[PDB]
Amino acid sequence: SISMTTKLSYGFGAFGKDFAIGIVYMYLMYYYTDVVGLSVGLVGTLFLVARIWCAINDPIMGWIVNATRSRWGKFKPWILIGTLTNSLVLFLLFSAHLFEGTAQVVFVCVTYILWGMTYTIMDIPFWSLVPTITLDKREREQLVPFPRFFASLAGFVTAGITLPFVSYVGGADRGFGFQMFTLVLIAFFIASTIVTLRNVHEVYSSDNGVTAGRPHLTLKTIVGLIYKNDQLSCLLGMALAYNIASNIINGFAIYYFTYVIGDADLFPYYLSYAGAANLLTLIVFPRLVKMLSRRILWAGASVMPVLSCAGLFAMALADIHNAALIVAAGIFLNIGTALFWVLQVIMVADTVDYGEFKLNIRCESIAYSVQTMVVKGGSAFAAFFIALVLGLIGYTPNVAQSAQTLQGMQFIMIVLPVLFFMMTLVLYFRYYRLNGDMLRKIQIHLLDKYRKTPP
């Protein structure tokens, strides 16, 4: 029933959506420090505060999107505004190398936080289009792999050709090449936004006379829809734990690839094989959901990175530091993250549907606001837990540290993501219920309701 054109246009939309932020996530540290000359402490504090601010802003953006009424619906206008304003703020962000002194710092602080906010404006409604397109289990399963694959491909093409571009254009003057590549990103992002706005046509969307929308809602009642929707709360917990675990693992990988190994011959192969695994598991997700249960795929999504953690734990117990083990851990982690993200989008859709069922309110913006809130709070809480463990083990900041202290810090860093994954799976298998006959019950209920309600 889903137009192949719709799948591919939403995929290109996701490509442009993530191709504009991968550069930030991946090289804003290197820009701010190696090009602009700012203290690592300042940059880290800014990143933490901004992630907290975005997490708090997310539900406000959900309230805004839900209470919106326009010609193109309640999502497309905010999608366009977000893309445009975020492109502007991105270019301004990577133009920080011009100023100096307090003028620079202030600039850097404004742009960055604005960027965050702006992207939030763009992010929530985009994904909220998913539950308004299908409403069916298999259709969602074979829909969301397109955008997830395209997001991952954007991230990996960034990691691949973002530095060669900055080097070719400008040369020496790294800020200039950065802003030129930024313009490239702006072009792709706006093209993708136009594509998704024209082609993606929301079907079962709030705004429709039959879809049980309640636009005039308070912030109190809307944020209460999160707690009242017990399944959306389960999703909140699951995704928060999974994001904390994956952020801790990614920070460990960054630390051991940037500072420790020093063998620059490895990271290319690690990235290549990780991207291969991720894109392959995304391509083959429509298959294997029928071959293997939805629950089974969630379990595997969290278990594969647990295998990666165990492998690198064995690696740390010795000092072999085998590159084969590194690439295997990366492959497993990437398979897990792909499965997780696909199932997570499908589950946000399922949860907005279950909210319309249990309650009588349809609200996609809030569920995907929860998604983005959790995406940001994951990094926030991972940093919090790492600082907690450091203070507990007595990690003086960048001063001489015992050998066993460092090895134990590494071991506990390996361990606690396993705890978070066990938490995700406990919560899933004990409280989640949207994978079987329940899903079809919700579907038939909503479809019959729409059929009976006067349009």
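When you see a residue number, it is the position in the sequence shown, counting from 1.
Note on 359-367 vs 253-261: mean CA B-factor is higher in 253-261. In this entry, 317-325 shows the higher mean Cα temperature factor of the pair 69-77 and 317-325. Highest CA B-factor among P131, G82, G330, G237, as stated in the entry: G330. Of all the options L217, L343, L93, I190, the entry's greatest CA B-factor is assigned to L217. Annotation for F411: CA B-factor lies in the highest third of the chain's modelled residues.
When the modelled residues of the chain are ordered by their C-alpha B factor, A159 lands in the middle third. In this PDB entry, the Cα temperature factor of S167 sits in the top third of its chain's modelled residues, the highest group. Sorting the modelled residues of the chain by their CA temperature factor places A55 in the lowest third. Placement of the Cα temperature factor of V289 within the chain: highest third of the modelled residues, per the deposited record.
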